[PDB]
Amino acid sequence: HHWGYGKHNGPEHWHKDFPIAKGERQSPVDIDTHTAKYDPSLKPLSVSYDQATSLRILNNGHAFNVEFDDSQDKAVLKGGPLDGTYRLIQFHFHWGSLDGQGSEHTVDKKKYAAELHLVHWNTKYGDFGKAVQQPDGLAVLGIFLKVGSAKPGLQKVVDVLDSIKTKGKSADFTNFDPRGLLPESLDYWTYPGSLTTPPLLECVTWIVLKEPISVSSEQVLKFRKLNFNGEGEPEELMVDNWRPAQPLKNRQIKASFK
Ligand SMILES: NS(=O)(=O)c1c(F)c(F)c(S(=O)(=O)CCO)c(F)c1F
Ligand SMILES: [Zn+2]
């Protein structure tokens, strides 16, 4: 009876196994745009993905992860609200059963169809497993997805999905360039928060881009054909793998822009 996304083992149950679920800096949150504070001293985000080495794509039973070689500073995030340097380890998405839901963060209560998380760890901690045990261990770049015109840089991911339909499957996934998933603007909101799935650790500097990307209905439909189950088990479509917004508590969301 492990955690997941249902009646029986979804977000409202997680706190029994992972009591920080009710902690002081949980994610995601609703981004009230009018109340976010413009901070003129926030720096532009530096996204340096040119040397990124994707390796593999994995269905982990909760989402799919596109993995990168994080054994050197290739793709890194810095600047923005951060100190030092954060290495890209993986990206994944959260999405809905319907275009009207799927994102984890919300913007003035608006839900997007999906949300991309580019996950980076602070090189001062040496590796990801140590970093998650630190309050400044991770920087997650969140990017909203709306349904409209296709994102051509996404198709390379969508098309491999049938090879990883079920939980535990992986496929080689080299030469994927995550720059093709970015919107034009790097304007952002930022706040201190947590992992949005168990173990829910309070180790994340969240950086959420204001500009969504557009993906097509057909692209997101392919996400919804993935399965939470393993091969040879009853089919449970991988949909609605998002955590709802959590109490903001004693936090201020900062905006890089006005
Ligand atoms: N959605 S999110 O970006 O916050 C995110 C991560 F990026 C992430 F790497 C993990 S994890 O702790 O690696 C494994 C979960 O059991 C997470 F748990 C997790 F929630
Ligand atoms: Zn995520």
Side-chain angles (χ1 to χ4, degrees), residues 1-5 9-11 13-23 25-29 31 54-70 75-77 82 86-96 101-106 111-123 125-145 157 167-168 170 178 181 188-209 212-213 223 226 228 238-246 251:
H1 198 263
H2 296 292
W3 74 266
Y5 294 98
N9 60 0
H13 293 273
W14 292 352
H15 72 101
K16 290 176 274 170
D17 286 300
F18 300 98
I20 204 174
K22 301 177 176 289
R25 57 172 283 187
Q26 290 288 292
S27 293
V29 297
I31 297 160
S54 68
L55 292 177
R56 189 177 75 144
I57 188 168
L58 170 70
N59 179 342
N60 69 9
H62 307 294
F64 65 84
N65 294 346
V66 170
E67 293 163 359
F68 289 80
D69 174 16
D70 68 342
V76 306
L77 185 68
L82 304 172
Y86 291 68
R87 263 190 219 152
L88 180 65
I89 182 167
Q90 54 108 321
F91 69 79
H92 63 274
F93 306 79
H94 305 260
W95 63 92
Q101 65 199 49
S103 65
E104 301 211 295
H105 295 89
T106 54
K111 293 173 161 90
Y112 289 88
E115 186 173 331
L116 166 60
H117 290 161
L118 293 135
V119 181
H120 312 77
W121 59 269
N122 194 327
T123 62
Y125 299 122
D127 69 6
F128 180 82
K130 287 294 251 192
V132 299
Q133 304 288 340
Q134 318 297 334
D136 59 347
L138 295 191
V140 183
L141 180 59
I143 305 180
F144 296 117
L145 282 62
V157 171
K167 170 176 60 160
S170 66
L181 297 178
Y188 65 86
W189 300 282
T190 185
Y191 76 95
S194 75
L195 305 179
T196 69
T197 78
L200 299 172
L201 296 171
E202 290 179 336
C203 63
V204 181
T205 301
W206 276 95
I207 300 166
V208 178
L209 296 191
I213 62 166
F223 284 13
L226 291 165
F228 281 132
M238 187 181 276
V239 294
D240 294 320
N241 59 350
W242 50 277
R243 190 189 193 188
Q246 301 301 308
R251 294 174 293 176

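Just so you know, ligand 1 is whichever comes first in the structure, and atom 1 is the first atom listed for that ligand. Sequence positions, counted from 1, serve as the residue numbers for this chain.
In summary, the atoms of ligand 1 found under 4.0 Å from a heavy atom of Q90, numbered by their order in the structure, are 7 (F), 9 (F). Of all atoms in ligand 1, numbered sequentially from 1 with element shown, those under 4.0 Å from a heavy atom of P199 are 12 (O), 15 (C), 16 (O), 18 (F). Short contacts between ligand 1 and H94, defined as distances under 4.0 Å to a heavy atom of the residue, involve ligand atoms 1 (N). Atoms of ligand 1 found under 4.0 Å from any heavy atom of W206 (numbered from 1 in listed order, with element): 4 (O). For ligand 1, the atoms sitting less than 4.0 Å from at least one non-hydrogen atom of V119 are 3 (O), 7 (F), numbered in the order shown with element in parentheses.
When distances from the Zn ion (ligand 2) to the N, O or S atoms of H92 are compared, NE2 comes out shortest. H117 has its closest N, O or S atom to the Zn ion (ligand 2) at the position named ND1.
When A63, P198, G61 are ranked by how near their heavy atoms come to atom 16 (O) of ligand 1, first place goes to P198. Heavy-atom proximity to atom 5 (C) of ligand 1, evaluated over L116, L195, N241, is greatest for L195.
When each of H15, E202, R251, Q246 is checked for a side-chain hydrogen bond (donor to acceptor under 3.5 Å, both in side chains) with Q26, only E202 meets the rule. Of the candidates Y5, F223, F228, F228 is the only one forming a side-chain contact (heavy atoms from CB on, under 4.5 Å) with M238.
Ion pairing of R243 with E104 is absent here, as no side-chain N (NZ or NE/NH1/NH2) approaches a carboxylate O to less than 4.0 Å.
Note: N60 CG to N65 CG = 5.0 Å, rounded to the nearest 0.5 Å. Atom NZ of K22 and atom CH2 of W14 lie 13.0 Å apart (nearest 0.5 Å). Taking NE2 from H94 and NE2 from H105, the interatomic distance works out to 9.5 Å, rounded to the nearest 0.5 Å.
Residue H92 places at least one N or O, backbone or side chain, under 3.5 Å from an N or O of ligand 1.
Contact between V132 and ligand 1 is absent, with no heavy atom of the residue lying under 4.0 Å from the ligand.
Remark: aromatic rings of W95 and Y112 are distant, center separation not under 6.0 Å.
When hydrogens are left out, the protein atom nearest atom 1 (N) of ligand 1 is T196 OG1, 2.9 Å; that is the closest non-hydrogen contact. The shortest contact between atom 20 (F) of ligand 1 and any protein heavy atom is with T197 N, 2.9 Å.
Nearest heavy-atom pair across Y86 and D136 is OH-O, 3.1 Å.
Between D17 and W3, the side chains place no donor N or O within less than 3.5 Å of an acceptor N or O (distance only, hydrogens not considered).
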